[PDB]
Structures are given as C-alpha cells and as structure tokens.
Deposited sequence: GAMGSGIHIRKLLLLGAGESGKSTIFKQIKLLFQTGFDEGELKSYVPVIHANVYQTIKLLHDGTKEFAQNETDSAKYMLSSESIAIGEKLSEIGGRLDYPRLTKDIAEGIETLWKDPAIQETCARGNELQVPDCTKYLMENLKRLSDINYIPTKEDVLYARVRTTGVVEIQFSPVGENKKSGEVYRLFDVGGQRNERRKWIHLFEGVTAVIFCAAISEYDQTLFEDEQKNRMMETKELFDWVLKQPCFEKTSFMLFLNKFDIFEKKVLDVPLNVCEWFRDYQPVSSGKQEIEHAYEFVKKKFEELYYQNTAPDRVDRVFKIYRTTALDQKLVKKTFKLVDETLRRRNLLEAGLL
C-alpha cells in the first residue's frame, strides 16, 4: 500500500515551429479551464508583434527579389506603399512589442494590396513568411480595434518561439499526466537531454506541410529533412528504450492545400513520389506516402531491445480543438492499456 498517486511524464518534442506549444495550449483548454478575459488579453502584444513581423518579412523579401531580377518591374513597390513600408520596418525594429493601431493597420492593409508584395508572397516558401500570414492580413480591422479581445483561434495562431521549459499537470476525464513543453529550434534542443529521464511517452510533432520550406536556423536546409533527421535522433536515445512514441503528423490542414499545388518530389526524401489521382483521392495518396516514409524511418531506427515499445501515428491539425480532444483520448487509452499490460 503506497500513496495511490501515479504521475506519468509526457514530453513534447519536434523541430522549431512544428506545433508543440499549440498542442500544449489545446491541452490546457481541454483538460483545465478555458482562457479567462485577462489571459486572452495577454496575447494581444504577441498577435500585434506577429503582424509587424509578417509584413516586415514581406517588405524585406521584395528587396531581395528585386536585386536578383535584372529585366523586370515585378518587385518594385509603389511610392505610397514605400512610405508605409519604411515606416513599419522602423517601428518593428526598435520595439519588441509594436502596437497595432487603426492608422498602422490602414498602411499595412494598403501595403498588402501592392502587387510587388503579392509577387513576393507567391514565392513565400523561399522565405520565412509564416503560414498564418493570410489569416493575419485578413483580420486587421478586428485586431486593430481599440477594445480588441483575442479569440481562442487568435491565441492558438499567436506565435512565440519557446525558450524555456513549461510543465502542466492534468488527469483526463490517482492517475496524473505531467506534460512538458520545450523549444525545438536547434539551440533550444541543448535543453532536451536533461528532460529525458522517466518518460512514459514522447509526443513528437512533425510538421508534414514543410516539405518545400527551409529552416529558420539555416535557410539552405530543407525543413522536412531536418524533421526526418531529428526524429531519427530521438529514436536512438537510450533513455527511450521503453518509452511510447506518439507521432503527430501535424499541420494536415496546410498539407491538404499544398500537395495539389507543390509536388512532394521537391523534398529529397519524397523524391520518388508518383501522383495517381486528383482531389481528395490524391491528398490521401500523398498523406499515406508521407506516413509510410515515417513508419519506415521508425522501424529502420528502432533496435531489437526497443522494438516492443508502443508506436502510434496520428494525423493532426493542432488548431482544431475537436481533433486534438479526440486524438488525446486515443493516446490516453493506448498508454493506459500498455501500463496495464506491463503489470
């Protein structure tokens, strides 16, 4: 007879921007209380910063593209849009938390309509233009409103690179989960190893939509290749001999749009992909091909004294509250059933 308390450690791992914190926020929303008014307002400075960050990357990329174009007026901005442009890049560089006003939103919304910016957005995958860009650019009136209060959707979009280690505790529906969120950019990974003891499950986030993108850390490195190599590295860690692996193939909502426009074949790993249909048939073909690449990667890298550990794959969109709820229930049943097996 002991205390009766069973705390199981769960670890979010994955590359920078893969969706870990987003999953983390969903867990708090599902298994604890919903964000109260003060908590919602605390994200305004982040959301506003994101808007200036996004327009800056577009404004800078246009300058990059114009220098390499020698016989085109393609990436030359208007005069008004330059008067707006330069103003914003000044503000966003001297302030970590630039405020989005009615007037600033007007300039951005005007700068967004410039064909030079649009020509830049079209080549966004060659830049670090975030996926949420269209969303932000379409909600400026709401976001710049004097009494702006962020929605759950806003907060989940809100993007901060994680630089510390945060823990939450929850029991689904004396069994408790202790869930850790940590940064996944290369420099933050130095923090990983000290978290690796006594882990019941690793929840590894793989952003499957990034197959035509390059890293923040190294703009020459394909993002999907990094995820491949990173997952590979996690799987070989001695501490994880008995740890369950829950693989979230995340950003499926983005992957769905992208695959019918950008062939999987642009990523080295997916070089031999052959399309077979159109529409939803093709999307599912492409998904199953990616999933199979990850499965094979898993078995290729799991040695015999580890092959018995649990391994599951889930297709996720971290912004989708109902899907994360249903995904987490499956994960919990699997972990419970397994712990009950080794008893």
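Peer 1: Map the modelled residues onto the deposited sequence and report the uncovered stretches in sequence order.
Peer 2: In sequence order, the gaps with no modelled C-alpha are 1-2, 176-181, 352-354.
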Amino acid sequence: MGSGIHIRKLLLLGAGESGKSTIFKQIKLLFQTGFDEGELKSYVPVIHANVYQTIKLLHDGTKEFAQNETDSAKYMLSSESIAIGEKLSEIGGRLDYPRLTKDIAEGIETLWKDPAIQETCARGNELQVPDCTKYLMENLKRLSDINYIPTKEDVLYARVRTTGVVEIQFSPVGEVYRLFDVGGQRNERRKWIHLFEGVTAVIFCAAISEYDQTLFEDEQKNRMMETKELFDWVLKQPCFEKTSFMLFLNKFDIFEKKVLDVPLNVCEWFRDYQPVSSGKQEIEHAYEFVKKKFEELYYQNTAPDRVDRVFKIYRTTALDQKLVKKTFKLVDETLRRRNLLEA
From here on, numbers count along this sequence of modelled residues.
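Peer 1: With respect to the recorded C-alpha B factors, which stretch has the higher mean value, 104-112 or 225-233?
Peer 2: That would be 104-112.
Peer 1: Higher mean Cα B-factor in the deposited model: 13-21 or 320-328?
Peer 2: On average, C-alpha B-factors are higher across 320-328.
Peer 1: So among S209, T243, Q185, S171, who wins on Cα B-factor in the entry?
Peer 2: If I rank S209, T243, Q185, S171 by C-alpha B-factor, first place goes to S171.
Peer 1: Could you tell me which one of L29, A66, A49, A286 shows the highest CA temperature factor in the PDB record?
Peer 2: By C-alpha B-factor in the record, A66 ranks first.
Peer 1: Based on the deposited C-alpha B factors for this chain, I'd like to know if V44 is in the lowest, middle or highest third.
Peer 2: Tercile = middle for this residue's CA B-factor.
Peer 1: Quick one: classify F204 as lowest, middle or highest third of the chain based on its Cα B-factor.
Peer 2: Lowest third.
Peer 1: Which third, lowest, middle or highest, does the CA B-factor of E119 fall in along this chain?
Peer 2: Its C-alpha B-factor, which the entry lists for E119, ranks in the highest third among residues of this chain.
Peer 1: Taking only the Cα B-factors deposited for this chain, tell me whether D181 sits in the lowest, middle or highest third.
Peer 2: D181: CA B-factor falls in the lowest third of its chain.
Peer 1: Could you place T302 in the lowest, middle or highest third of its chain by Cα temperature factor, using the values in the record?
Peer 2: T302: CA B-factor falls in the lowest third of its chain.
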